[PDB]
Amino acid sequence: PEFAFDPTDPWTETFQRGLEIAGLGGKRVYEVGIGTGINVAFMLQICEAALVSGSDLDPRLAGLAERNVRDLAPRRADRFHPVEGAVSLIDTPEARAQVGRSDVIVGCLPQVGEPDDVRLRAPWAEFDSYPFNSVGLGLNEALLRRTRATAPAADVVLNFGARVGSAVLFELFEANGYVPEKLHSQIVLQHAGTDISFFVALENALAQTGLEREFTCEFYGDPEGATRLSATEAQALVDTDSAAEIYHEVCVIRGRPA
């Protein structure tokens, strides 16, 4: 089914590819950030979810995502029950009740390193305290706190830029009650006009305390990930160059609780 996914958006594609590997067959799925519903359409038509629910921060997409679903997978669009309203993460009673019933919570959420291209406009400071905000995933840690409390037996499947390393993405889950599994990964290319200052800032400042530290971000010179390079190095070609071609992993990780 290499026709279902579309290579237009590599982030979205690796998400859907992991969603498939996830094994959503006959499950109740909640999607945080349904956006336009395509992932819902995909999870209903290709992965065969028994029921899909979800929400979005934007009060209007929930309704629009019902159309696309009705149009893109008409025969299964009666298993889609969005939760309407401006729902940040899962913070309304209905969302919690729906999340409380799901087997799998899935999403691809804001995180430093996402393509700027997003929003594209046709939720930040309260998350700043989170320990894993230090590497840009505060919002993702915020969801895991809620999921472990609201549905402690549900899987959680999330999409990540992997510039910060796989050991740390895994630690985001281990720190919050889940054992992670990488379901799918892909090397993508980032636009040429994209700012990675935050990642070179990572490998330069010191540890929690004034303590010694070695750390390098995972970047790639080629679209195959053959040659590696640190945040400081990939910024070189983009200093002596202007359109150099930089790559980084994007991956989908499942967190499965005890």
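In case it trips you up, residue 1 is the first one in the sequence shown, and so on.
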Here the number of deposited-sequence residues unresolved in the coordinates between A122 and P123 is 10 or more
Quick note on 149 to 157 and 69 to 77: per-entry mean CA temperature factor is higher in 69 to 77
As the entry reports it, the stretch among 29 to 37 and 200 to 208 with higher mean C-alpha B factor is 200 to 208
Of the three thirds of Cα B-factor ranks in this chain, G113 occupies the middle
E84: CA B-factor among chain residues, third -> highest
So, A4's CA B-factor, relative to its chain, sits in which third? The highest
